[PDB]
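First the structure, in the form of structure tokens, and then the observations on it.
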Amino acid sequence: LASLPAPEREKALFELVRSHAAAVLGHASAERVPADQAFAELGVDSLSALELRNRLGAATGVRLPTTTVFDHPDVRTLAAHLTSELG
Amino acid sequence: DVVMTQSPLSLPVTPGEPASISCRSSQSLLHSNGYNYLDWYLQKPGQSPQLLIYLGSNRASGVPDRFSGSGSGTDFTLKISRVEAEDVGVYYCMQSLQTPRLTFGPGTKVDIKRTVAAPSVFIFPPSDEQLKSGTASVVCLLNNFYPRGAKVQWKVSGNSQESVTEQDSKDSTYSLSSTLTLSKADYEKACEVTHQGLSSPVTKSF
Amino acid sequence: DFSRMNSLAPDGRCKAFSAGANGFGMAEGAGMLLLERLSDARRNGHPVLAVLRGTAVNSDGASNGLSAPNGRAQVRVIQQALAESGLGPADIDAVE
Amino acid sequence: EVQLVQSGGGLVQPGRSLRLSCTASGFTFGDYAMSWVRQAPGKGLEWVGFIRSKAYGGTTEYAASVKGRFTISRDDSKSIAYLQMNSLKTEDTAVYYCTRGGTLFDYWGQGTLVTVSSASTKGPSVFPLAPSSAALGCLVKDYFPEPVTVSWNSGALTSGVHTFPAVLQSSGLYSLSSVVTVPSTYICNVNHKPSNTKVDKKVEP
């Protein structure tokens, strides 16, 4: 986890969430995944959502809610919530 | 003579429940052709009546087969198989053996059936600015009562009118407005109901 | 594969409508019915054990997942088979 | 398909003539005998009369209360059924219907609200309802004709609202009593469209 070293603690966590999203969706090209698209139009189903939240809770060491995919429908919203959940 | 054709009123029917409305007939309506000559009409509140069942048992097109029908030489029975929320209104026992049909029948008050409630007798003295305006209208309001089989007395009657709404949906009760239009002097000379929701009259005055 | 999205029970029991629900109690089996119209097995003398008044098929539509069930699509399959059989919510005594 | 849309509503005094037309579309007009039905507000129907088909010829039979007053005609080439009102009076204030048969009223027109009243178009005498100690209401005494909507809290409160039906006085006017039932300082507004008499009211016990 980034120790609030710079305001980039925001963009680095955003990129980390995007990387785990591109590794959970089967995107071999982890380059770009629609950020404005919801977690229901990108094929993020029960399996994808669960293992994505496990990846985020392991890399960032957090405890995401079970309904996190529904709480934050967008990768932008999920990244904002995770970066805001520091303390 | 005119055949007497009247259909029992106060018909409480609840959604998902089978009911049965019968009719009376003095002179036989089973004509020599072997077919009864009565009709079954439904006046939908706020819409036009509809042809349900003709010749005693034959049903019309457009209306679903839920309206089943039969009867004897004099006694008839419309077997409404089932009532849903749209099946509310006035059913008519119009016969068809003697034109003129000037009387369609008092009609049957088909109502969403529910247990008996307590009528809220609310006496309301008229406003004083009405009393200086030239009239006087004391209203004995009845709200949330079913069935509607009560009239409001005016003691200490004859100047009372009637005003009742039809049933609502989620509460399925009735509301009554007994308006006692009055004059100037007689204001300083009580209302009670006899609804089956209670037994003893409840006397409250202005 | 049913185990891969974690939709199964580690004991094989379909704990239906129970606090101990874990998922499917996946089993294997069969079942097969001989059907005929009610006024076709009575004139032929064939035994009549039960009658299917009405049936309906209704997709879940745009649910929250392929395997995810729809809460407002089952109501329409229970009511379509209900408005096709001529029966109602107060007529069915028990529901499998 | 079949339609029997009507036309010819209005507001008249006792003693003048009114028009009622029954538009026929979708069928052969000369086959069925056109009939006319009158519906008193909120209570029992009363039948007016019918004309027999010109193939039958026959006569025009009317109700006992409209002898020498109403006449009914029919035509195929232009396909309109007529109910002619002459020497109208108070009872004629009702919604008339056009029925598709002398004995079998299988179809039913939507209904024209024919009103024969002696009143004139003026604003209502909105008179409140001081609660005894409960429900709060307000009357709509003395208005004419009958378009009306009475809301509470200016269309904000909708639970417990009971828009009571029109009340027919002998003076030709109307009275409405919209009352809400909720423990408490409420607003009731009545809008008479023809006259633009928009009355707002505050009520206290």
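Order determines the names: the first chain of the structure tokens is A, the second B, and so forth; residues in each chain are numbered 1 upward, and ligands are numbered 1 upward as they are shown.
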
With a distance threshold of 9 Å and counting only C-alpha atoms, extract the residues of chain A near chain C and express them as a list in words.
residues 40, 43, 44, 45, 46, 47, 48 and 50 of chain A

Which neighbours of residue 203 of chain B fall inside 9 Å, counting only C-alpha atoms, when residues of the same chain fewer than 2 positions from it are skipped, and could you give them as a ChimeraX atom specification?
/B:121,190-193,201,205

Hey, what's within 10 Å of segment 61-76 of chain A if we count only C-alpha atoms and toss same-chain stuff fewer than 3 positions away? As a ChimeraX atom specification, please?
/A:1,14-15,17-18,21,33-41,44-46,48-50,52-58,79-82,85-86 /C:64

Would you save the residues from that selection as a CSV table (one decimal), in the first residue's frame, using C-alpha atoms?
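And here's out12.csv as it stands now:
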```csv
chain,number,residue,atom,x,y,z
A,1,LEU,CA,0.0,0.0,0.0
A,14,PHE,CA,-6.3,3.7,-10.0
A,15,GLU,CA,-3.8,2.0,-12.2
A,17,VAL,CA,-7.2,-1.4,-9.8
A,18,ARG,CA,-7.2,-1.3,-13.6
A,21,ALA,CA,-9.4,-5.6,-13.6
A,33,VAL,CA,-10.2,-1.4,-20.1
A,34,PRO,CA,-13.3,0.9,-20.4
A,35,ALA,CA,-13.2,3.1,-17.3
A,36,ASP,CA,-16.6,4.7,-17.9
A,37,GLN,CA,-18.2,1.3,-18.4
A,38,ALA,CA,-19.9,-0.4,-15.4
A,39,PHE,CA,-18.9,-3.6,-13.7
A,40,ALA,CA,-21.9,-5.3,-15.4
A,41,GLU,CA,-21.2,-4.5,-19.0
A,44,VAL,CA,-17.5,-8.8,-14.4
A,45,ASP,CA,-19.8,-11.5,-13.0
A,46,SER,CA,-19.9,-13.3,-9.7
A,48,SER,CA,-14.8,-12.1,-11.8
A,49,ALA,CA,-16.1,-9.8,-9.1
A,50,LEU,CA,-15.2,-12.2,-6.3
A,52,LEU,CA,-11.1,-9.2,-8.3
A,53,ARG,CA,-12.1,-8.2,-4.7
A,54,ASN,CA,-9.8,-10.9,-3.4
A,55,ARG,CA,-6.9,-9.4,-5.5
A,56,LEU,CA,-7.7,-5.9,-4.2
A,57,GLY,CA,-7.9,-7.1,-0.6
A,58,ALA,CA,-4.6,-9.0,-1.0
A,79,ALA,CA,-10.7,3.2,-7.2
A,80,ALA,CA,-12.0,6.4,-5.5
A,81,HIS,CA,-13.6,4.3,-2.7
A,82,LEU,CA,-10.4,2.3,-2.1
A,85,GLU,CA,-10.5,4.0,2.6
A,86,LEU,CA,-7.1,4.9,4.2
C,64,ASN,CA,-27.5,-9.6,-12.7
```

So which residues of segment 12-95 of chain C fall under alpha helix (DSSP H) by DSSP, listed as a list in words?
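So, restricting segment 12-95 of chain C to alpha helix (DSSP H), we get residues 38, 39, 40, 41, 74, 75, 76, 77, 78, 79, 80, 81, 82, 83 and 84 of chain C.
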
Expected file contents, prior selection, N, CA and C atoms, as a short mmCIF file (atom, residue, chain, number, x, y, z; two decimals), in the first residue's frame:
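Dumped to selection_25.cif:
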```
data_model
loop_
_atom_site.label_atom_id
_atom_site.label_comp_id
_atom_site.auth_asym_id
_atom_site.auth_seq_id
_atom_site.Cartn_x
_atom_site.Cartn_y
_atom_site.Cartn_z
N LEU C 38 -56.92 -34.52 -21.34
CA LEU C 38 -57.82 -35.14 -20.37
C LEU C 38 -58.96 -35.88 -21.07
N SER C 39 -59.53 -35.28 -22.11
CA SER C 39 -60.53 -36.00 -22.91
C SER C 39 -59.88 -36.73 -24.08
N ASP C 40 -58.76 -37.40 -23.79
CA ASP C 40 -58.16 -38.38 -24.69
C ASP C 40 -57.70 -39.65 -23.99
N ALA C 41 -57.42 -39.61 -22.68
CA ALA C 41 -57.10 -40.79 -21.91
C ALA C 41 -58.30 -41.33 -21.15
N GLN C 74 -39.74 -14.63 -12.40
CA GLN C 74 -40.44 -15.79 -11.88
C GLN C 74 -41.89 -15.46 -11.54
N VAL C 75 -42.16 -14.23 -11.10
CA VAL C 75 -43.53 -13.83 -10.82
C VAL C 75 -44.37 -13.90 -12.09
N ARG C 76 -43.78 -13.61 -13.24
CA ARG C 76 -44.49 -13.64 -14.51
C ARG C 76 -44.60 -15.04 -15.11
N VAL C 77 -43.82 -16.01 -14.64
CA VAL C 77 -43.94 -17.38 -15.13
C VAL C 77 -44.91 -18.13 -14.22
N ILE C 78 -44.94 -17.76 -12.94
CA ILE C 78 -45.96 -18.28 -12.04
C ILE C 78 -47.33 -17.72 -12.35
N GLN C 79 -47.41 -16.51 -12.92
CA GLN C 79 -48.68 -15.91 -13.30
C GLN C 79 -49.10 -16.24 -14.73
N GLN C 80 -48.16 -16.45 -15.65
CA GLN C 80 -48.53 -16.87 -17.00
C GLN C 80 -49.09 -18.28 -17.00
N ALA C 81 -48.40 -19.22 -16.35
CA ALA C 81 -48.96 -20.55 -16.16
C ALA C 81 -50.21 -20.51 -15.30
N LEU C 82 -50.44 -19.41 -14.60
CA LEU C 82 -51.62 -19.23 -13.77
C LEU C 82 -52.78 -18.65 -14.56
N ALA C 83 -52.51 -17.74 -15.50
CA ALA C 83 -53.54 -17.18 -16.37
C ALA C 83 -53.79 -18.04 -17.60
N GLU C 84 -52.95 -19.05 -17.84
CA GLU C 84 -53.18 -20.01 -18.91
C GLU C 84 -53.93 -21.25 -18.45
#
```

Using only C-alpha atoms, determine which residues of chain B fall within 10 Å of chain C; present them as a PyMOL selection string.
chain B and resi 15-17+65-66+81-82

Shell of 12 Å around residue 21 of chain C, only C-alpha atoms, local chain residues under 2 positions omitted, as JSON, numbers by chain:
{"C": [7, 8, 9, 10, 11, 12, 13, 14, 15, 16, 17, 18, 19, 23, 24, 25]}

How would the residues just chosen look if you wrote them out with N, CA, C and O atoms as a tab-separated table (two decimals), in the first residue's frame?
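Listing of again.tsv after writing:
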```tsv
chain	number	residue	atom	x	y	z
C	7	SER	N	-20.67	-22.26	-6.40
C	7	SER	CA	-22.12	-22.34	-6.29
C	7	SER	C	-22.60	-23.63	-5.65
C	7	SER	O	-23.81	-23.91	-5.69
C	8	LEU	N	-21.71	-24.43	-5.07
C	8	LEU	CA	-22.04	-25.74	-4.53
C	8	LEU	C	-21.90	-25.77	-3.01
C	8	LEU	O	-21.29	-24.89	-2.39
C	9	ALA	N	-22.48	-26.81	-2.42
C	9	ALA	CA	-22.46	-27.20	-1.02
C	9	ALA	C	-21.43	-28.30	-0.79
C	9	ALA	O	-21.33	-29.23	-1.59
C	10	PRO	N	-20.64	-28.21	0.28
C	10	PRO	CA	-19.60	-29.22	0.52
C	10	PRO	C	-20.15	-30.51	1.10
C	10	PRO	O	-19.38	-31.36	1.57
C	11	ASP	N	-21.47	-30.68	1.08
C	11	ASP	CA	-22.09	-31.87	1.64
C	11	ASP	C	-23.14	-32.52	0.74
C	11	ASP	O	-23.59	-33.62	1.05
C	12	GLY	N	-23.52	-31.88	-0.37
C	12	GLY	CA	-24.44	-32.49	-1.31
C	12	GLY	C	-25.91	-32.28	-1.02
C	12	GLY	O	-26.75	-32.81	-1.75
C	13	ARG	N	-26.25	-31.51	0.01
C	13	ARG	CA	-27.64	-31.32	0.42
C	13	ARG	C	-28.15	-29.98	-0.09
C	13	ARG	O	-27.54	-28.94	0.16
C	14	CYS	N	-29.28	-30.02	-0.81
C	14	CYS	CA	-29.97	-28.80	-1.23
C	14	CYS	C	-30.76	-28.28	-0.04
C	14	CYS	O	-31.94	-28.58	0.16
C	15	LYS	N	-30.09	-27.47	0.78
C	15	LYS	CA	-30.71	-26.88	1.97
C	15	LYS	C	-31.63	-25.76	1.50
C	15	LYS	O	-31.34	-24.57	1.61
C	16	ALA	N	-32.78	-26.16	0.96
C	16	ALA	CA	-33.71	-25.21	0.37
C	16	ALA	C	-34.42	-24.41	1.45
C	16	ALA	O	-34.99	-24.98	2.39
C	17	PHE	N	-34.41	-23.08	1.31
C	17	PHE	CA	-35.09	-22.18	2.22
C	17	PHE	C	-34.66	-22.42	3.67
C	17	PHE	O	-35.47	-22.44	4.59
C	18	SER	N	-33.35	-22.59	3.86
C	18	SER	CA	-32.79	-22.89	5.17
C	18	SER	C	-31.61	-21.98	5.45
C	18	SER	O	-30.92	-21.52	4.53
C	19	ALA	N	-31.37	-21.73	6.74
C	19	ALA	CA	-30.23	-20.90	7.15
C	19	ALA	C	-28.90	-21.56	6.83
C	19	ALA	O	-27.88	-20.86	6.72
C	23	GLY	N	-25.52	-23.64	-1.45
C	23	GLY	CA	-25.52	-23.71	-2.89
C	23	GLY	C	-26.29	-24.92	-3.35
C	23	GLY	O	-27.11	-25.46	-2.61
C	24	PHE	N	-26.03	-25.35	-4.58
C	24	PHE	CA	-26.65	-26.56	-5.08
C	24	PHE	C	-26.15	-27.78	-4.32
C	24	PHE	O	-25.01	-27.83	-3.86
C	25	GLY	N	-27.04	-28.76	-4.18
C	25	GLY	CA	-26.70	-30.05	-3.63
C	25	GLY	C	-26.59	-31.06	-4.76
C	25	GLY	O	-27.14	-32.16	-4.67
```

Find the residue from B:104, B:67, B:41, B:35 that sits nearest to chain D; use only C-alpha atoms when measuring.
B:104

Tell me the residues of chain B close to chain D, meaning within 6 Å using only C-alpha atoms, as number ranges by chain.
B: 48, 51, 102-104, 106, 163, 165

Output the selection as a PDB file, in the first residue's frame - N, CA, C and O atoms for each residue.
```
ATOM      1  N   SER B  48     -68.639   3.103 -19.916  1.00  0.00           N
ATOM      2  CA  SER B  48     -69.921   2.653 -20.437  1.00  0.00           C
ATOM      3  C   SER B  48     -70.219   1.227 -19.978  1.00  0.00           C
ATOM      4  O   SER B  48     -69.298   0.468 -19.662  1.00  0.00           O
ATOM      5  N   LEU B  51     -71.913  -5.584 -22.511  1.00  0.00           N
ATOM      6  CA  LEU B  51     -72.713  -6.794 -22.684  1.00  0.00           C
ATOM      7  C   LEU B  51     -71.904  -7.984 -22.187  1.00  0.00           C
ATOM      8  O   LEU B  51     -70.868  -8.325 -22.769  1.00  0.00           O
ATOM      9  N   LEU B 102     -87.508   0.795 -20.261  1.00  0.00           N
ATOM     10  CA  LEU B 102     -87.264   2.096 -19.569  1.00  0.00           C
ATOM     11  C   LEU B 102     -86.601   1.915 -18.195  1.00  0.00           C
ATOM     12  O   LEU B 102     -85.845   2.818 -17.800  1.00  0.00           O
ATOM     13  N   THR B 103     -86.861   0.809 -17.492  1.00  0.00           N
ATOM     14  CA  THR B 103     -86.161   0.553 -16.205  1.00  0.00           C
ATOM     15  C   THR B 103     -85.078  -0.507 -16.438  1.00  0.00           C
ATOM     16  O   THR B 103     -85.436  -1.627 -16.846  1.00  0.00           O
ATOM     17  N   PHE B 104     -83.808  -0.157 -16.207  1.00  0.00           N
ATOM     18  CA  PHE B 104     -82.703  -1.114 -16.470  1.00  0.00           C
ATOM     19  C   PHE B 104     -82.501  -1.979 -15.226  1.00  0.00           C
ATOM     20  O   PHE B 104     -81.815  -3.017 -15.317  1.00  0.00           O
ATOM     21  N   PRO B 106     -82.383  -1.493 -10.470  1.00  0.00           N
ATOM     22  CA  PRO B 106     -81.553  -0.681  -9.566  1.00  0.00           C
ATOM     23  C   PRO B 106     -80.067  -0.944  -9.719  1.00  0.00           C
ATOM     24  O   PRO B 106     -79.259  -0.030  -9.509  1.00  0.00           O
ATOM     25  N   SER B 163     -73.676  12.250  -0.527  1.00  0.00           N
ATOM     26  CA  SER B 163     -72.437  12.372  -1.294  1.00  0.00           C
ATOM     27  C   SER B 163     -71.475  11.290  -0.815  1.00  0.00           C
ATOM     28  O   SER B 163     -70.910  11.395   0.277  1.00  0.00           O
ATOM     29  N   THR B 165     -68.253   8.621  -2.234  1.00  0.00           N
ATOM     30  CA  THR B 165     -67.305   8.197  -3.252  1.00  0.00           C
ATOM     31  C   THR B 165     -67.355   6.683  -3.421  1.00  0.00           C
ATOM     32  O   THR B 165     -67.833   5.955  -2.548  1.00  0.00           O
TER      33      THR B 165
END
```

Going by DSSP on the backbone, which residues of segment 112-198 of chain B come out as strand (DSSP E or B)? List them as a ChimeraX atom specification.
/B:112,120-124,136-145,160,164,174-182,191

Set the distance at 10 Å and use only C-alpha atoms: which residues neighbour residue 1 of chain D once local chain neighbours fewer than 3 positions away are removed? I'd like the list as an MDAnalysis selection string.
chainID D and resid 25:27

Residue among D:186, D:152, D:96, D:174 lying closest to residue 5 of chain D, counting only C-alpha atoms
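Answer, going by the shortest atom-to-atom distance: D:96.
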